[PDB]
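Please read the structure below before turning to the comments.
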Amino acid sequence: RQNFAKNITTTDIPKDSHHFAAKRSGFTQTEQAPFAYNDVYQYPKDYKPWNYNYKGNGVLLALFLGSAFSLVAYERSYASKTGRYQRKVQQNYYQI
Amino acid sequence: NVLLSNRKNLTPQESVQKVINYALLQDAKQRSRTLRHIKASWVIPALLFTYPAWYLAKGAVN
Amino acid sequence: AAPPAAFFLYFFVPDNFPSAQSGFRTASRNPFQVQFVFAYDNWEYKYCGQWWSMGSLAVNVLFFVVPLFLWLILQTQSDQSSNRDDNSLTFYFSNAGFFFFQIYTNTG
Amino acid sequence: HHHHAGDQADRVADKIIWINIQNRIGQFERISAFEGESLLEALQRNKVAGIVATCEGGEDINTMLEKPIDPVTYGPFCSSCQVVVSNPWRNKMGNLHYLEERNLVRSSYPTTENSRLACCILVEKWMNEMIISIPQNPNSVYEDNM
Amino acid sequence: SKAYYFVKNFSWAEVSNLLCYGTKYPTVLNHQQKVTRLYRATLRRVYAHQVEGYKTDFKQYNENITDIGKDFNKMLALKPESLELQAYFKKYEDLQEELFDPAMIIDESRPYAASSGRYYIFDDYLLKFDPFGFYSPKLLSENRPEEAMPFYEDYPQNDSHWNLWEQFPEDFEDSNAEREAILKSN
Amino acid sequence: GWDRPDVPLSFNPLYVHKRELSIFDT
Amino acid sequence: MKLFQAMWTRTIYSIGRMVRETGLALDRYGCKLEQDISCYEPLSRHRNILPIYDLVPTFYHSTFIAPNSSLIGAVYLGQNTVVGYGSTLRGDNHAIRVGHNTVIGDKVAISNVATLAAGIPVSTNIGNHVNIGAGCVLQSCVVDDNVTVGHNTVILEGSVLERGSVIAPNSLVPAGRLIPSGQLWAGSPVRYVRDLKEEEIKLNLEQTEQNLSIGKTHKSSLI
Amino acid sequence: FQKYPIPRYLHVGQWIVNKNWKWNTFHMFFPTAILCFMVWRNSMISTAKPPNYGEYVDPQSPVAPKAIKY
Amino acid sequence: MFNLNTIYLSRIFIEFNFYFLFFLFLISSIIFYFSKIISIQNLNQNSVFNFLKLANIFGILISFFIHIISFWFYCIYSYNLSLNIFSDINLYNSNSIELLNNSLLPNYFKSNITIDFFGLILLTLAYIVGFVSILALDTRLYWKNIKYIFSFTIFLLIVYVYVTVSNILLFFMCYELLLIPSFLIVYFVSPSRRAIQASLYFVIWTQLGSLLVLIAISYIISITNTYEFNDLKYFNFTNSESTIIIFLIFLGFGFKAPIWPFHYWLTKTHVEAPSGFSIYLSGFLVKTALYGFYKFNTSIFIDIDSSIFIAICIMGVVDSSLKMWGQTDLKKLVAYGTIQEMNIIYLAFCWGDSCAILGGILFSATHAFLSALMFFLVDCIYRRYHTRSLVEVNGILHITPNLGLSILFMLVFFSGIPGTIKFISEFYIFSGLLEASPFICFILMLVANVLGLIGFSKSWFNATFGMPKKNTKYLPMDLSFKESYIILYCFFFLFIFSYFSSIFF
Ligand SMILES: Nc1ncnc2c1ncn2[C@@H]1O[C@H](COP(=O)(O)OP(=O)(O)O)[C@@H](O)[C@H]1O
Ligand code: FES
């Protein structure tokens, strides 16, 4: 069974208390005692459960930087393979 | 200390909410203290006994 | 047919940790389904030699003699490879024990 | 069972299965048992003499007490829990398992055609007021005295 | 009526019984039940061949149904043990066999029809299911504890167990404030 | 016309398994 | 950086434990060599105050704690708070906080549950001017100020009792239930009883004050 | 078929209409066209074609088919 | 432009990755043993188990990452090494390069590290399959059996030493060392009651195979008083000894890599074992038999006809694929698929050191990932519906559709669409077999890729489609992120390893 704590310290859980009001008055001689906490979860109202709610740029930036590094590294490797300091660009290129 | 502080000037709902919040904060502090004590209990044996174990294994094998 | 009264069920080791995924909601099982689940594992033959005629004797014999048929076909095609100088069915030894892409270096 | 909300609990007296016993010394005994239990457990809880029970019922996974007997079971291990069951109940018990018969016919003391290993019996409703006899069972090993 | 004539490994005798009578075992039916069921099957087949047919003739259809009605009215008043009734049963079972079509039109309202069970209908159990509280409100307490029971957390949908120790904000002040205050007091 | 109720759950009748599933019909 | 202090504290504690054990073993060996049997005395091992490693019970000098009682773990007690004879407060799991001018009866057992849901404190909290009768059992509950609980009452986890409410003797408050302010409740499936009056509240307060005074007198006589 | 309720928790696609489908169509179509343009631009490097009308392949030219010197 | 720096990078990475893993294991073990007295879970929030879990996961991942870079180094190294001897055409010069030893750590077991392509493929498979299996064992580990969180790190260390030695004795010892952890996992972690006898079957068959291999190893060691694969180049075995050795090693390694007459243990063990260990057993453990056999097959000159071994392997394929129709348990069906493709791979090593080994090497990894995916899908179904029998669960689509989509895509990949490595391995092996034996190739192709495929597809399609009407109050939710990412990674690895360097294979 799970044994982790739920009252976290990093942030406060988003919740509302207007839903599920307690009775607290006008009790009869047969009904049960009212509940105590009654708070319910509150969603950011811009959340879509059917897709990733990802709004960052880190993944795209990392992939783009990796691809650019791959390109420049290949350029350096090709220049080194031909025994040149930089690629010698021909004046005309043809279909392979 | 919220519990020891007088709360008769509040409504019962405010008093119980204040007590609950104070209890939750103190619970979090106690949890942090216990967790760091147990972390130290984990950390000490590694520093004390990692080198003798490696010495034993190295002397056995090579 | 009346539902089975005695049949093999599921069993778990002592002090087993239950699986509690998706809220841990387990339903009652169907006796016929559980009976089918555990029937084949516990099925056994009744008398010696019952297998040969169980089903089709000719088909069972053919299944029994399959490895010999494969060996004979391989022998015939090895005859075909021998006279055409094709790849024979032998453990070829042309690398003198040197492995496929193996580092062969020295120290000192 | 079958209960409805607000119902009261049943009485243990109405759920008792009665076993009538002739001792090794010719005296009569009355024993209380319950359904879903083995005869050996009831006999040992009621402290009935004449049974040695060297192996204490056998293994714990593939036992003889499960209603369909599992094929890869090992069966009884000591054959020292023998009882003699009277004709109607013994006839209702049915034919013996081959492993149980092998252990029964191999005992050092004489047996009968009504012999039956106690740990291989699961107590049922129809076993109420069943008559059995327990002559003394043989000893096997050194630790039996300890 | 379930139209599982061909989707079960039936013999012809079972299929013929199901076509002539609404059961595989016509021996458990009364005399009147058998007569009425055979009459209904015969009329259904004649309609399927002489009204919804290829080149349908209404006059011939009326003649045939009149003759069949006369014959079945004779059949009803006979006795079950009579051989003439058995001959009538044999004749109309042969008629059902002779008009048998491997391409019968099956009404779409029948249980084993061609377009039956094309959609999975969700019951109220699935409609009211919401583990996380986006569509239906979810208590932070996760349940309402009934009396005569302890208060226990619900089993989560994902029991991963791949969790760390409790995380705290950096530079979290966690001194024993109560103990320090009391010790200062005395 | 007529206010039809929702699609009935009888559209998917539940099977009851009146007979045993033979291992020779696997 | 505080991990270093925790490591040093644990090392010091372990060295002290080693030294104490070695001393006791040497004393027992001296017993034997001397033909002494004093160290074979089977005296009671019960401790009035039992602190878990870093959880030490903390209370004022004005608190009365019976020598029969047992406070274990993190137990915090306010001023002029009395614990009766044979009571047990186990805060090994989570702390137990008791306010001031609070009376705890003789056979009261207070403990806490392992875990609870979000937003529910798992510790036990008892306010000020609170009377708890003898034989009560309390588990992870919040009791506000000026609350009286009768004898042989059971209060379960997640229960909240608001200020000024009264619980009749021989009752049970089900887990996770709220009992509103200024009301009397009775029964094992506890049920509502008519709202309290001024005279009843005054009598309850006077009885609590008299019990506190009697406890203080008993503490003074004991010393 | 007559419409029937679908549970909210299920991420299934029965009778779904997205009110913002025009912008989503735009933002799925145009980048797709750009990606396909880049793929086609890369692939035209390795595309062959027979000589046009009125042209002949000189057998002694370098582009003409070749044999192997053993 | 290849120089000494790449050589020393490769060697240092090979040795230091092992020492990284070993120091992780030692530190975690010391923390586990000295933190508490009993060394069982404390069942609270601050249990050491938590830390241990992370540690183990951490290490494997990190080691795998290092391994990847390490692996790449080897490739380049090996490539250039060949070149350094291919272009040495002058009769006066010869490649005479002698390396030094690292001054930080000692050579484990006083041996010089040597590595090959297939050994590093095996190590990579160990890393990935161990990661997947340990991810699929969180729920099984609890109070009093958390220690078995350490099993996969031990497996990694043993397989590392197995693949990085030229000592035939240490080779055999590392092969033998793998049994105790496996038996312990099946015995103490499996929830099913029938797993107690299944572990005994596993032990007895695997140990009979190990005994045969031991007899062959003792033969080789006693006849040639040496422990190096190199020295076998200077000693010749007669016809009788060669025949005895080849028969012994073939039968012994076919006990573990299940040949036709010996797969009862594998079927029982997969049916009864926990899902994570089943993933490890099909994905990686059986491959350990292919490696060792290959080595002992390549170091000896055998002058026998391989027709008997080829026939045994083909009989295994035919027998396993003909039995797929009559399976209702999905796990047993996956086990039979494992048997057929393991026998197909084992066939490729029946021609010695010829080019047939490349297809087998690739198809070993292909089967590793396919079997891991199939057993993970079976585990997901079992944890969702509490059953893995076709008569009890169907209509996995229309409720939790992601699992059904995964099943269908797994079926496609198993069928072998020409875009993946399954098609490549089939092409290799079938081209070679068609040249070696046309009618045999056609028979094997028809039996494996039609009849077995039809049975597999029937049993899997029937579970995916239908109407889940029975118990709507207990119907489960769809896949979690962990399962989705694991399945996606299996698919991605197949598709992208279809693009590996062609210098190898
Ligand atoms: N498990 C089975 N084994 C053999 N035959 C079966 C099995 N299940 C169904 N059948 C055949 O298919 C038919 C199914 O009919 P059924 O759906 O039970 O009709 P009903 O619901 O009216 O009884 C039966 O008549 C039987 O002959
Ligand atoms: S007690 Fe041993 S056989 Fe019954």
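Naming: A, B, ... by sequence-line order, numbering from 1 per chain. Values reported hereafter were calculated over all heavy atoms of this structure, with side chains retained and with hydrogens, waters and symmetry mates removed.
- Listed in order of number, the residues of residues 34-43 of chain A that approach chain E to under 4.5 Å between heavy atoms are A:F35, A:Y37, A:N38, A:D39, A:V40, A:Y41, A:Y43.
- Counting heavy atoms of neighbouring residues, nucleotides and ligands inside a 6.0 Å radius, atom OH of A:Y54 exceeds 12 of them.
- Around atom CG of E:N9, no more than 12 heavy atoms belonging to other residues, nucleotides or ligands sit under 6.0 Å away.
- At least one side-chain heavy atom of E:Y135 sits less than 4.5 Å from a side-chain heavy atom of A:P49.
- Residue contact with chain A, scored on non-hydrogen atoms closer than 4.5 Å, involves the backbone and the side chain of E:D159 alike.
- If you take OG1 on A:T10 and CD on E:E170, they are separated by 12.0 Å, rounding to the nearest 0.5 Å.
- Within a 6.0 Å sphere centred on CE of E:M149, heavy atoms belonging to other residues, nucleotides or ligands number 12 at most.
- Of the inter-residue distances, the one linking A:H19 atom NE2 with E:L139 atom CG reads 9.0 Å to the nearest 0.5 angstrom.
- By the 4.0 Å N-to-carboxylate-O rule, A:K6 lies close enough to E:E142 to be salt-bridged with it.
- Remark: E:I105 CD1 is loosely packed, at most 12 non-hydrogen atoms of other residues, nucleotides or ligands lying under 6.0 Å away.
- No more than 12 heavy atoms of other residues, nucleotides or ligands shown are found within 6.0 angstrom of CD on E:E84.
- How far CD of E:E166 is from OG1 of A:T9: 5.5 Å, rounded to the nearest 0.5 Å.
- Side-chain atoms of A:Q2 and E:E153 include no donor-acceptor pair closer than 3.5 Å.
- With a threshold of 4.5 angstrom between heavy atoms, E:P145 approaches chain A through its backbone and through its side chain.
- At least one side-chain heavy atom of A:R1 sits under 4.5 Å from a side-chain heavy atom of E:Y152.
- For the pair A:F20/E:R144, a side-chain contact is recorded, criterion being any heavy-atom separation below 4.5 Å from C-beta on.
- Shown here is A:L65, whose CG atom has more than 12 heavy atoms of other residues, nucleotides or ligands within 6.0 Å.
- Remark: E:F100 CZ is packed, more than 12 non-hydrogen atoms of other residues, nucleotides or ligands lying under 6.0 Å away.
- Open room surrounds NZ on E:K74; 12 or fewer heavy atoms of other groups in view lie less than 6.0 Å from it.
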